[PDB]
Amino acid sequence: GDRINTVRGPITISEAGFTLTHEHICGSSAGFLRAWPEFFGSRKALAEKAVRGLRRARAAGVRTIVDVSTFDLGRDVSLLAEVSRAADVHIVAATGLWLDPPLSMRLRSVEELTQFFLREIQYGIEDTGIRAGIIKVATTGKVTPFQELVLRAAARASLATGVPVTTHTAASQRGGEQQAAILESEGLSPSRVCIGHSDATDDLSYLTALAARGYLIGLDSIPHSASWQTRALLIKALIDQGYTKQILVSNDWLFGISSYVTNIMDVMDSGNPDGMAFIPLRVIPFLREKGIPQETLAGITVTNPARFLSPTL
């Protein structure tokens, strides 16, 4: 009712504060970080870079991030816990499945996947006792039969535990509509779902209609455009349509990445030196200078994630 699971344990809704709802410490693959830490220089080097990054973000106001790295994205909650403590920033961990499931996941039934998700939420991830506070799902534009199983399992897990669902989409294909239909067929409330990567489109009609059904709209990759201004104005556009309370904002940034061709991390960093501090240091002043009240911005960056993450129903 009033508590969410983080990598350091349970915390009250009040303690969450300014929350970036879609971020990554490391974008990788299952087992990869521990098998090949050298790829990131070293595990310590990666940990240190994250801590410095998170500390700057904290200096700029951020108090909580939701790491939406799944099993198949190389989620290492021990790394999350280590960097969360050193930086003193809350990190919410995720279960669910992204776009790279191995055979041992691809060949599972919806009932089996439901059990895996429940495990990571109710018991803990691996042997850590760290519990997931959100369920991530990724689909291609047209939802594949396996991705539909993952969607349904996520809905059933969410209905059993109250933790929310966040999605990866192709907004240019308007992927969120196919997902929503499947999720609702399972009896899941739109208020428990964030349709992610929605800032990668100019289709306001698509965005508003989803918001009007109660869905959280993930405008979560603003600096990837580094234009980034156009993405930010979608936040304004949705406010002006009256859907302030359905907006979630993030950077979708990373401190390490192996699930892409080599050297991309340095290109990203030089493209966006602010890292996860891009939202508080760049997007928020931009929105102020456009006439959005400070109180509406606080509602979006604090109150909305609070409402979204609190286990419900």
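We number the residues from 1 along the sequence you see.
For the step residue 226 to residue 227, what size class fits the number of deposited residues with no coordinates, none, 1 to 3, 4 to 9, or 10 or more? Missing residues, residue 226 to residue 227: 10 or more.
Average Cα temperature factor in the PDB entry - higher stretch of 15-23, 287-295: Higher mean C-alpha B-factor in the PDB entry: 287-295.
Stretch exceeding the other in mean C-alpha B-factor - 157-165, 99-107: Between 99-107 and 157-165, it is 157-165 that shows the higher mean C-alpha B-factor.
Residue with highest C-alpha B-factor in the PDB entry, from 266, 67, 38, 252: Top of the list by C-alpha B-factor: 266.
Identify, among 84, 179, 78, 140, the residue whose C-alpha carries the highest B-factor in the deposited PDB entry. In the PDB entry, the greatest C-alpha B-factor among 84, 179, 78, 140 is found at 140.
What third of the chain, by the recorded C-alpha B-factor, contains residue 4? Tercile = highest for this residue's CA B-factor.
Ordered by C-alpha B-factor within the chain, which third holds residue 270? Give me lowest, middle or highest, please. Highest third of the chain for residue 270's C-alpha B-factor.
Chain thirds of CA B-factor: placement of residue 128: According to the entry, residue 128 has a C-alpha B-factor in the chain's lowest third.
When the modelled residues of the chain are sorted by Cα temperature factor, does residue 278 land in the lowest, middle or highest third? It belongs to the highest third of the chain when residues are ordered by C-alpha B-factor.
Based on the entry's values, in what third of the chain does the Cα temperature factor of residue 187 lie: lowest, middle or highest? Highest third, going by the recorded CA B-factors of the chain.
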